[PDB]
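Every chain is named by a letter (A, B, C, D and E) in the order it is written, and numbering of its residues begins at 1.
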Amino acid sequence: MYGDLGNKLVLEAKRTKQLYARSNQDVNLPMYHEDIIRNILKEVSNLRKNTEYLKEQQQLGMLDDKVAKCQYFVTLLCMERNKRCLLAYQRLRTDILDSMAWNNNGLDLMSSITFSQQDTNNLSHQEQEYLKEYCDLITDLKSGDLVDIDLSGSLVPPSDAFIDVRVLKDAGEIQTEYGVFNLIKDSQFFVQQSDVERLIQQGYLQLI
Amino acid sequence: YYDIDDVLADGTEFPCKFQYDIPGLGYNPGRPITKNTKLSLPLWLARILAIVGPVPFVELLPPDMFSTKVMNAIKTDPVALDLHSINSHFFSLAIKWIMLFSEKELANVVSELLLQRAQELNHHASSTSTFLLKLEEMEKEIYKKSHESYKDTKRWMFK
Amino acid sequence: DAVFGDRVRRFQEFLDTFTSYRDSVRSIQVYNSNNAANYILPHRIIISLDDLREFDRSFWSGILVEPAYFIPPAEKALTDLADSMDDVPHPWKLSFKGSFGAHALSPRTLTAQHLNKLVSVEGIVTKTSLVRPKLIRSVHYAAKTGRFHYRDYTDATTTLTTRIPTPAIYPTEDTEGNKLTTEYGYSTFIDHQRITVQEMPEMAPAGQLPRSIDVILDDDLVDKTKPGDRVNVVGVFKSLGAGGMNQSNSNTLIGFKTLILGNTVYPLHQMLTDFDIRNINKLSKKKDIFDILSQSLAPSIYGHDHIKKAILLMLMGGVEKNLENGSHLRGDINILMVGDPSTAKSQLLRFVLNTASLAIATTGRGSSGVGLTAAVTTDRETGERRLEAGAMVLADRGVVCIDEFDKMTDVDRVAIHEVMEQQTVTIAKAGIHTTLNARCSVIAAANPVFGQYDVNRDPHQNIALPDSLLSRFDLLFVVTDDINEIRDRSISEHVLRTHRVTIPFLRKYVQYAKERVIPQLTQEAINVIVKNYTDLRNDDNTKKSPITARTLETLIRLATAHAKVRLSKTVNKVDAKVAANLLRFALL
Amino acid sequence: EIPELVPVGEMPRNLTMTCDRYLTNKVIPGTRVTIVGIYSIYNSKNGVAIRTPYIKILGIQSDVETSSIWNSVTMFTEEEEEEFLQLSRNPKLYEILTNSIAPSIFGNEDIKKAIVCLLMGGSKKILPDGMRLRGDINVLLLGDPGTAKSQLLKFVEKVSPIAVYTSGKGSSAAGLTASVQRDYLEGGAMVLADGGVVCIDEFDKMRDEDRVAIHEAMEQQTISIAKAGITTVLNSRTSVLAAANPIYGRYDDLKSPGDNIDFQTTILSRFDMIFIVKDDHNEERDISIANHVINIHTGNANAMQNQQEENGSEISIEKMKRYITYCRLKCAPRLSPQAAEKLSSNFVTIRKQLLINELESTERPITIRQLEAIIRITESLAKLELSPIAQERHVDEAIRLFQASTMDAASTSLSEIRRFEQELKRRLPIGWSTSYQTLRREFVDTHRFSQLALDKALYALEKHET
Amino acid sequence: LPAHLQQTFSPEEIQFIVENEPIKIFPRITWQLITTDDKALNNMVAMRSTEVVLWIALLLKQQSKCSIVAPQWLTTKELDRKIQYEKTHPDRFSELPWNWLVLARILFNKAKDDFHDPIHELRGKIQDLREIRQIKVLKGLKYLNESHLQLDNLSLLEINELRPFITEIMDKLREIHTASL
């Protein structure tokens, strides 16, 4: 009853892992809960308020009682508990997030972060600032190599090395890089793994 | 810690009675809590109250889950025993309580139970039925990981 | 079969190291000899499966996997240890507690992987086949050649293991040609029964029909369970009978009916010591106790202090007085409650029931007629006309409850007249012709006899159940939930507070009070109740009705009851005043 | 064999089949299947020779859809938690649900909402001592036909996760709920449908002996059966939804609102939400319903509105059920203190005001049971939002809703038949040789007297004092 | 963020690895190329065996410009001595190329027509040697203790399939036991 709201919150955190697990991974997190954590923050503010109040009270009334210690001990733990929840949730949220910023940006010619992440505005803007700052953070890693990467893609090794892509209602032709593949619905291109990696992440290509 | 299983593991209630009186009850209008009151506490706070004292603040009365009836029943047929009903956390939990109370006796017991489940879980690692329903949450997670390695290695086996 | 010997020498060791069972066997051997020195205990030693794993896992897995080869050598070993006990001046039985299980199964999940393996079934037991003897040891006497001659009969359920069937009849001139008379009462008969077990109704999956299997209960186990009881049986799961393969007709495909032998049958769901009686004794002197007691009944119910007072005064009940060579005057007090619904009238009665020490509850119509044996007809069986106690015979010396007392057919009421005052039941049925005694105390709750006009409506025409009945009941209490506005708010507040000198000492307080001691009667009081009574007749017969000598009787019963509450060896004037009070609130 | 083909005019034959080993208990009775197996014959003396046919099965395969199991899993899938928790975020969630139940049925919004708050269960307390309060409530649809209530029940029966529609007197061979049959509990409505919804009709037309059983059951959720060799005391967690049929029509409203069911209102006292309804006709509404039916016949294409409601907003009702199961098992709601005191004010105003109303002996009621009902509605609706905690406005709905129920609790005679005086007088000073019998012969061939009519006029005159 | 798997290798990744093993080839051909890691070759002579890395043999086999040699250990008459030697030492897993599963998948997709008696034989043989060996692993897995195991000679794929399982419940098992002293 004391710290249990955090147990319920992480209990809810669990279900997003369930949605990232088997899964199938489309992202589409329901929302970030600002309300329930606001409840948590009001509860914890309550706590630390009574804490500094009693911290004033030992200075006068309690007179360093053996019992007093407990309040600064036990209730202190509760603060930690909320923290233990609040970060555990939060890191989970960053884990479901940064990976998404990994596997697709997105990809050639990124060329900008847009239309991605169906959560969009529904997810908190505090995370989105972190996010845009994070893909800005990875643009520098993109700019060191020079390898080249091409890192966001090709988690799965090339074979061999030409494939066949069957158009999937995409228009097209938007293939400007390397060559004008001239995208055309109902058209399969006997194209090398090279531009396939880049174009398959967008949603144009279908069968590898 | 950050993983959900641990922070959820700390959420479980234990029957721990107070060694001492503590006015300023945070649970309601006592105001103090009379000595030797039996109050259920989650593990997170109760964990370091047994250490800090040279007499500790709490007795640590053994949880109903660890009742010697149970620790006996798990020595018969673990494979048919239902863990998911009792807690459901066991290994995530029991691992803490074995260190907290520093009990040697049951190590040899649970160290056995977990082999006996697993010699069964390599059996459902091959491609459920009812059984998948009675695993402990964390154990269950390992079942995902194994079943996925197998499934993926089979899907690689052909085309 | 040296291996059966191995099983015996192996089970030997298990006992006496550790010795934790041996003390119980010794206890069994001693207690019966103590009954031999006096001026019943089944001989079986419960074996906790708990302990078996510590010694040998090999022998542990066996009792579950193949009990036919294991339980009987362990058993012969237990007898063998019981004979080395002390001393001279029977097969016994194993039990198997557990430490379940595997083998944990409800009856719905069973057959065949669980067959020929120990099993703990659980479910409802019906219909409980009727208890019957079963022959085992044949015993005879030869003359004049003498000696002593015996045969041993092996049935289908003998031991565990299958054996070449001995039955049937009697040996009758075993060689040489000497006559053999059956010796009855030396020869051994183990009782025998079977009871089928249905799976628990609440764990039933679908509209799919319930699957029950039958359990044979050997020896002591017999008559240990009425039907409809939650039961966890244990036993070896046995398939007996040919499937039809025995003969040469085939018949059909149906076959091998199965059942469980033995074994345990664990069911599942006063003492005043030194100090208690002292608590009473201390508490008896305090002058205000009656009100506290009267409040102790109703944690959940507001006011009605008068009525609660009444229910106590029924629990105690005016002793009983049987004159020399003459009829006896009724001791106990009967009560009725009438008021609009929500009056807790049906809620009160259950709490009457719990702490009541007995008795049976009956609600409207009804059964078993409540009256006499009811002359149950017809047959049951063969056509023989039999009868059984009505609904006030098995409740003797107790508190009968009646709910929706108005809705009961007049036919019954006619009998209730005979029950209440007269105090006896008379059955001329067919038949067994007897006057048998039901001296029960009685409570009844009835509605407002049509039309909520219970509050405003006349002193008569409101009750709906004339006439003598109205009198028979010592006290008629009215319960119109009518404000009394300032009374409504208070009640609401009370209920709210609820939505969030004890209860276990009450009945203990009561029994001692009941058999000790009867207060008799005293000339302190009599003039009071006489004044009162005469007042009642003379003034109330203008005010209201009914009033008769009956009222007077009631006056005395109440006086004596409140005397019991005071624990006083005598009746007092104060008590008389109390009786006065409650009979007043009855009337006004 | 299947009813589509080929019954013709004759009852369809049934071949006896023996499954064995691992195919056993593979199929729930009532599900269509396709068997394979050998075909063969067994003897079974019943000449000459006449051996009877059976089909050994190897091996059985059920149809893809038809209760293959397990359609009832206390956990469901994942994406379902996702989309549920997406539905909990709707402001019009309550409102859109109240539009799911009766796509076909028009009007009746109070009933329409009441069903919702019924299905969702309520506060359930196991608190010591053994006494346990329960959920969830009860609903009465009683009124003249055209109310669609008897159809509406068919709908609730569909939606509710586990439900049994029994109108009786039960039907047909299965006793009204829990039933004693001999080889034990034979399992019935109150039983076979334990832990959920039960739908009853002709509630006033039910037998006596089991009527007792019901009355005692609905409050304490447990029914005790002492029949023969089984004295069992089981448990019915069901919440009864009953539709009674009122007598003589509109005059019964002119009559005291209670007094309808048998001679006793106690039934109506046990029941928490009583809705008097009627097949009211308004040219606006009547043209609405009519035009709707004209649309229904052909050209047929109206039932699509539900489907675009599904695309845009509304719930498929195949999902609603899963949802109800979800909310039902997951979370158990609890009321807030200010809401509590608010309801205290509610109920004391009720008690006081309506007492004042009954100073005149105005014939009609108020029980703390009704309060408890109001509570269970609040928790039900709280369990709609899914929130672990109640709110004030949340209840503010409930008070008014139940207020509509009170309005239902609130709502001359020719005396022709009641003119039993003529007979009682100048006919029979001794009343004998007449009684209920005389009234018949005298009113039997007079084109005239109903049982309730005869008793009413009798009870009337009994009471009237004539 | 590798996402999947991540602690264990991917089934594909172990082929990605094994294709780095060289094996002999029979080139039809008679630039340069230095590439990087190859070191080979002077222009390959037709009807002359030579040693090259796998992924290039496979690459040049899709164009059917080269005929891969069968490994001396891939034969049914050869496998026979191996299952014979395997049934008779229920404890040890014998002698394995360590890639044999994955080469058994790869060389059968394309090169199949090059093998002598490839049809309906060897696949029957290795699907078997991949049976009794697997159950022998599951029955050798009961003896689990921390910290040691002899997995002796065991395929890379066989390692990879059961890895999360073993190295997880070893991390529940050893975790109580280290910590209880």
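One rule holds in what follows: contacts are C-beta pairs under 8 Å (C-beta built on N, C-alpha and C of every residue); 3 or more make two chains touch, one makes a residue touch a chain.
Student: Chains in contact with chain B and with chain D: which ones?
Tutor: Output, common partners of chain B and chain D: A, C.
Student: Roughly how far is chain D from chain E, going centre to centre by Cα mean, in whole Å?
Tutor: Averaging C-alpha atoms per chain gives centres 67 Å apart.
Student: I'd like the Å distance between the centres of chain A and chain E, where a centre is the mean of that chain's Cα atoms.
Tutor: 37
Student: From the mean C-alpha coordinate of chain B to that of chain E, what's the distance rounded to whole Å?
Tutor: 41
Student: For chain E, which residues are shared contacts with two or more other chains?
Tutor: Residues 10, 12 of chain E touch two or more partner chains.
Student: Residues of chain A that contact two or more other chains, please.
Tutor: In chain A, the residues touching two or more other chains are 21-22.
Student: By the document's touch rule, what are all the touching chain pairs in this structure?
Tutor: The set of touching chain pairs is A-B, A-D, A-E, B-C, B-E, C-D.
Student: Can you list the chain B residues touching chain C in their complex?
Tutor: My answer: residues 72-73, 75-77, 80.
Student: Residues of chain B touching chain E in their complex?
Tutor: Listed in rising order, the residues are 91, 94-95, 98-99, 102, 104, 107, 110-111, 114-115, 118-119, 121-123, 125, 138, 142, 145-146, 148-150, 152-153, 155-157.
Student: Under the definition above, what is the set of chain A residues touching chain B in their complex?
Tutor: 1-4, 6-7, 10-11, 13-14, 17, 21-22, 54, 67, 70-71, 73-75, 77-78, 81, 84-85, 87-88, 91-92
Student: Can you name the residues of chain D that touch chain A in the complex?
Tutor: The touching residues are 78-79, 81-82, 85-86, 89, 388.
Student: Show me the residue ranges of chain D that touch chain C in the complex, using the header's touch definition.
Tutor: Touching chain C: residues 18, 28-29, 42-45, 54, 131, 182-185, 187, 191-192, 194, 208-209, 212, 216, 225-226, 228-232, 234-235, 258-259, 263-266, 269, 340, 344, 347-348, 351-352, 355, 361, 364-365, 367-369, 371, 459, 463 of chain D.
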